[PDB]
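Reading through the structure tokens given below for one structure.
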Amino acid sequence: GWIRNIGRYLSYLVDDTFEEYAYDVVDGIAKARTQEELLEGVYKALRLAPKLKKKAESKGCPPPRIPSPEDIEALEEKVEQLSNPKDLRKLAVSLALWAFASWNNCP
Amino acid sequence: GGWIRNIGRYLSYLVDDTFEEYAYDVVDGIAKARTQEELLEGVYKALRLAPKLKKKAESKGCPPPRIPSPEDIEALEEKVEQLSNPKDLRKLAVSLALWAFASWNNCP
Amino acid sequence: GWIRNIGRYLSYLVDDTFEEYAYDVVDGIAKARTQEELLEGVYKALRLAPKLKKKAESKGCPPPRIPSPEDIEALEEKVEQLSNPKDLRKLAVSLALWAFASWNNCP
Amino acid sequence: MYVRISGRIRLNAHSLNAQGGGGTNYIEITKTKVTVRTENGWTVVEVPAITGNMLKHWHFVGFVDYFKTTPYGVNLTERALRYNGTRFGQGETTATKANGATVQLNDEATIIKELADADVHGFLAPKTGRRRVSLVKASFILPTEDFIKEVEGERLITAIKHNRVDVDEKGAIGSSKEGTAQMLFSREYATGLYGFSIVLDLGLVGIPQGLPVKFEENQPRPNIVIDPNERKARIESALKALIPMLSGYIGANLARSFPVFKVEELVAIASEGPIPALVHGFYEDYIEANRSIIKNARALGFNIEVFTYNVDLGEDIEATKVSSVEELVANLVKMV
Amino acid sequence: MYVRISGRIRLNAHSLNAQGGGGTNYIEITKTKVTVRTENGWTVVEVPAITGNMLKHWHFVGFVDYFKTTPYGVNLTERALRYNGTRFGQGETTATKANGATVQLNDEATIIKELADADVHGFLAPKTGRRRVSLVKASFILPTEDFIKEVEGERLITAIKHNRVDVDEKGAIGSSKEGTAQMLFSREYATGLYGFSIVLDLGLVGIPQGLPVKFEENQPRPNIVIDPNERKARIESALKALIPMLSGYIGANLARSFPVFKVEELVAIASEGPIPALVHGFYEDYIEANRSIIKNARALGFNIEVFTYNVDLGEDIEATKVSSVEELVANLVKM
Amino acid sequence: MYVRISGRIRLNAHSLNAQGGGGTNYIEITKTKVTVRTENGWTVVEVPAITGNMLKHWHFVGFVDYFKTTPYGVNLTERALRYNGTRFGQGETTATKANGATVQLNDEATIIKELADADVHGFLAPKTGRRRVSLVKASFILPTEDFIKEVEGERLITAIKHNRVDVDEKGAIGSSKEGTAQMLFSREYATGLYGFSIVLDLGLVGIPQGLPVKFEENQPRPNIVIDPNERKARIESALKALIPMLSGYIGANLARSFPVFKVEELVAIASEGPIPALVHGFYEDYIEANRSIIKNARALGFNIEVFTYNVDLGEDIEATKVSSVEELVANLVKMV
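Chains as they are written, first to last, in the deposited numbering: chain D, 3 to 109; chain E, 2 to 109; chain F, 3 to 109; chain J, 1 to 336; chain I, 1 to 335; chain K, 1 to 336.
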């Protein structure tokens, strides 16, 4: 449900094979209480796409797959109705949990 | 509202590859829209680059970019006029700022 | 809507066809700081009206939509209550935002 | 003399009391949970904080600094001169003075008579079993509740990464196989409005815990084991340790961060007797609670003296309009 | 006299009453299991709770500290001045006062006449019995069930790590082979809105346990073996000992933690005769329980004075507004 | 002899301490979040800043530059002559002196005796465990609060693009296939009025931090492992290191940007004994706080000397007006 594709991209900011070690964005998306800071944190996570692309290309392993624009609008289309923070926390921590999986990228 | 995606598609052209126009500052300024004034200013700076992308896309064998229609501009003006609360303004700005980075298939 | 027509006229200064590119006047209108600067920018924008009117039929395009007197007057008395740049900058940016839209100037 | 201080401090761009080690990349700042309203039921949020151990250690540093210059500065542990807080660790029976003289950890009276740091800050001697509760107590430096409610969580945290330029003598930046250490490491810097509360129990200085009184004349005369001058000097040393405290010397990474301090407001109370603890500055309604506590304590028969900075308090009770922290400590030492 | 207090207090960043960790490098805060509804389900949660022994000891500390100021404060045990209080045992039949006077444990009357801690907090004399129960009792300190229901998830328990750096004679340091003291331990810090409840039966201070009344002249007068003046002094000291409890002076790790304390709400009832405790503050509906219990007690013919802080408790009941715990103590010391 | 300096400087067209980019054509200026009071309630704003680490590095550069000319200038590290700030990276137990001699790292006294950089700016050798806290404390350079009030952000930043022209012998730009390097990168330039604060605890130069005193006859005396002339030279060099810091030699990209760097105003204090730190120049109400601190500290008996540039500080405080930073350092070196 459009979580694996964004989850692996989020993991791309944590894997040891990519020596940039951006844990602040993962902490920010994980510790989200309402809509605005969650969207801001996911925007900061998604902003590092050129860095990851030009670092993977210079290394040799296949480039990371940025989330496709078809599942981008799903994020707001689902989170607009999440007024209650209790239900928001579910996905706010699920994304961070997916960001810490193995996700073998560069062989 | 349907115009957020329309303006995000245009904003994608300022960051995407095969265009050599790496305007990260304007996208970040739109994303960091504290007030409505500077949000509109950043949108204006992003729109000023329309002729450059429009000509370079056909100069490198790519479909012309989808510059937002005047209806989208009217909707944006209405939203800016009726939103005087930074609480909604921040998420409004982030909504169209997030679309800049994606796996858009601009050039087939 | 009293701003859409002025923006429609201003879009003639930059677009496909209408081979007369005037970015400096659009920037001066958009970057207006004082009321005098905005008025001078509007005057410079209106100065090119005969050029566009004659060039419209030189390429087969419909004649341009020159703003009526009434909205120009209304702009003149709308300018004379803004004592701070706060509102004037917003008015200038709103006026200049329509210039770079996907107008159907002449099908 | 017993004194309590509580207030707020503005503080931005501070990497104080981090978690990770120096050699580990991405040094992380400490986090702590707090409970707030958010216009509904109770909710817990995780915010950067400074532990009370850090504050207590920097109070110890300031006290040692201000007690060295006194004529009784010889009566100090050799570890104190090194700012070493390990007071009588596990597996030792004797300690070394500042001048090199040895002291035996058999009784508390001689320990507190000859060693000043172990007297103000307490000590533990597991090998012998001796004890002394610290006279100074400190709380956490938590961001104030109304500030947290007012910012809706922009994370108050910036992870700034930077590197050293360790290079070979020939001018080549080698890899890990060469021996160079040109690597990027990240430090987390916090910001916001914080609250602090530290209590001092300086009335028991120079008095052994076991035998507070001796009853020489059938009356409770305190068992002052040291000279009154030494006890007094220890008192103003502990009181003057607050001057470097509320100036920017209660944090780590001072060489590269040096936190940007400005005390916003505070209240201090002292009555040379038993005193209720003030309300921590973390709560948004601590001014009214402190005003009520002061008023009821004074009406009950306590000789509370109150100094307030940048708070109106009650405007009807006798409170001194102090202008800064060092003026406050000057007023405190004028009432010894 | 006979007083009962129950309420809710906010305290965070605290490690009061931990497991000590005398053999392990990790120190665990206290925990207990609690059952609560989960919208038609009896779920169980592990939440920190301060034991009543901690509160009893800290109230004793406050009482012995406030009893020294009074001129009648000589009548105290030598243990009391050191915040001791083991209070004899199977091998001791002699009490040493603050001045060092031998006191026999033959009867409770002399024990309560010559000692003040033994009078209020009880004692035990295995030699001849003479058991005296504590006049002040305290309950545990649990977060309210409303808080537990509303948090559901979340840990509110932080394991914060502290080091003990020990620089050597020049600048060196060692881990475990140089004999120095350089370790890295951890402490558990809790938060939440807790509930407290105490019962003080101060009406029996100075009266021997075995002889509540003398009944010699055909009147059941109280058997006060001590002078009324210092009996009143003991009452005042015990009532003032409440002040250095609801301020942050309860628990452990006071030097490094000093919990961020703020009393939220409370209800207290005071009377000259035997009265029942109202309800613990852990329950969500404890305010209505207090209202019902005070109405029922007043219906049976009881003279109760009720003080409320940050709670309405209805309008029919003549309750006294309380600005702070010290206002309550000042109103109480009127008797 | 301790010094505290604070004030405000105006920077234009500067790109000091950027984020480097690393492997991309965009280079961003470093950002940090600060808390601003505002009349509408507390807010957090992300603003460009210069980290205190680079400020410390440039002070180290100035100190080395002014100590090289000193006759005792041979007592430096070979890395210091190259402005290499790394202090005894992991795995090495020896230090190469400027003259080529080898210095062991088993003793701190020798290290501070024949290595001036480690003495002044501190060091750490993880292999042997020796350490020394730096004597210089540097804080972040942040735009002042009232400036943010007045400008309302305006993004305070431009992005200027510079080309990378690779014209070969034939005169062609290439097509990234032959080996040409014709590209187009961009750099971020900021502007505004910033505030700075610097602390120099020049009282432990040549004095090991383990045994600061000797106690010959229970009479405190500094434990100096070097002759007093070297101490005086090191202190003078450290003081003079401020000249190539307030002239515009702070930060990176000096060859292509060279910040405009006018010093707007400043206040400094200096005293032989320990003194509280001054208020950072970020806050709008920092002149009044510094004035109160100075007045009350002098009332407490601290023999402090105050030098003010473009700040009045009223009449009660006895301060000497100073024309520029050069005159300030001249006055500082006048009083040893």
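Where a beta carbon is used, it is the ideal one built from N, C-alpha and C, also for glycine.
Check the Cβ of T24 of chain K against every Cβ in chain D and list those closer than 7 Å, keeping chain order. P52, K53 and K56
Are there three or more Cβ pairs, one per stretch, closer than 8 Å when the region 133–142 of chain I is compared with the region 160–173 of chain I? no
Between which two residues does the beta strand (DSSP E) holding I157 of chain K run? It spans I157 to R164 - the beta strand (DSSP E) in which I157 of chain K sits, taken as one unbroken run.
Can you check the region 102–165 of chain K for any beta strand (DSSP E) of at least 3 residues that lies completely inside it and give the ranges in chain order? Listed in chain order, the complete beta strand (DSSP E) runs (minimum 3 residues) inside the region 102–165 of chain K are 102–104, 136–138 and 157–164.
Checking 8 Å against the spacing of the C-beta atoms, do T308 of chain J and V267 of chain J come in under that value? yes
When you compare each of K:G21, K:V47 and K:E39 to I157 of chain K by their alpha carbons, which one comes out closest? K:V47
Taking the straight line between their C-alpha atoms, what separation do you get for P208 of chain K and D166 of chain J? 26 Å
CA nearest to the CA of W58 of chain J, picked from J:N17, J:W42, J:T43 and J:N25: J:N17
Is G192 of chain J helix, strand or coil when you go by DSSP? strand
Looking at chain D, is there any beta carbon in it that lies within less than 8 Å of the beta carbon of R67 of chain E? False, the Cβ-Cβ gap to chain D never drops below 8 Å.
Within 8 Å (strictly less), CB to CB, does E230 of chain J reach chain K? no
Classify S271 of chain J as buried or exposed, calling it buried when 16 or more other Cβ atoms lie within 10 Å of its own Cβ. buried
Less than 8 Å separating the beta-carbons of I224 of chain I and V329 of chain I? no
Sorted by chain position, which residues of the same chain lie with C-beta nearer than 6 Å to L84 of chain D's C-beta, five sequence neighbours on each side aside? In its chain, beyond the 5 residues on either side, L90 have a beta carbon closer than 6 Å to the beta carbon of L84 of chain D.
When we look at the beta-carbon of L211 of chain I and count the other beta-carbons within 10 Å, is it buried (16 or more) or exposed? Residue environment: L211 of chain I is assigned as exposed (fewer than 16 neighbouring CB atoms within 10 Å of its CB, all protein chains considered).
Compute the distance between the beta-carbons of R187 of chain J and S15 of chain J, then report whether it is under 8 Å. Against a cut-off of 8 Å, the Cβ pair of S15 of chain J and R187 of chain J comes out as a contact.
Distance, Cα to Cα, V44 of chain I vs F88 of chain J? 44 Å
Report the rounded CA-to-CA distance for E92 of chain J versus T102 of chain J, giving the unit in angstroms. 12 Å
Please determine, among D:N107, D:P52 and D:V95, the residue with the shortest C-alpha to C-alpha distance to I5 of chain D. D:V95
Could you give the residue range of the beta strand (DSSP E) that holds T320 of chain K? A319 to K321
Per DSSP, cross-strand counterpart(s) of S271 of chain I: BP columns for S271 of chain I point to I:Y2.
With a threshold of 8 Å between beta carbons, is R91 of chain E in contact with chain D? Output row for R91 of chain E: interface = yes.
Could you check the C-alpha separation between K53 of chain F and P64 of chain D for me, to the nearest Å? 55 Å
Return the CA-CA distance between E150 of chain I and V306 of chain I, expressed in angstroms with no decimal places. 30 Å
Taking only the alpha-carbon atoms, compute the straight-line gap between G21 of chain J and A51 of chain E and give it to the nearest angstrom. 50 Å
Taking the beta carbon of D17 of chain F as the centre, do at least 16 other beta carbons fall within 10 Å, making it buried, or is it exposed? buried
Helix or strand or just coil, what does DSSP make of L93 of chain F? Correct three-state label for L93 of chain F: helix.
Tell me whether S324 of chain J is buried or exposed, calling it buried when 16 or more other Cβ atoms sit within 10 Å of its Cβ. buried
Whole beta strand (DSSP E) runs in the region 36–101 of chain F with 3 or more residues, listed along the chain? The beta strand (DSSP E) runs lying completely inside the region 36–101 of chain F and spanning 3 residues or more number zero.
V95 of chain E at chain D interface by Cβ criterion, 8 Å: For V95 of chain E, at least one C-beta of chain D is nearer than 8 Å to its own C-beta.
Would the beta-carbon of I304 of chain I fall within 8 Å of that of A297 of chain I? yes
Whole angstroms is fine: what's the gap from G62 of chain E's alpha carbon to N106 of chain E's? 14 Å
Partners in chain J for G248 of chain I, counting only beta-carbon separations shorter than 7 Å: Chain J residues near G248 of chain I: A277.
Using 8 Å as the limit for Cβ to Cβ distance, is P244 of chain J near chain I? no
Closest Cα partner of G171 of chain I within the set J:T94, J:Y26 and J:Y83: Residue J:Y83 is the option with its Cα nearest to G171 of chain I.
Short check: CB of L202 of chain K to CB of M54 of chain K, under 8 Å? no
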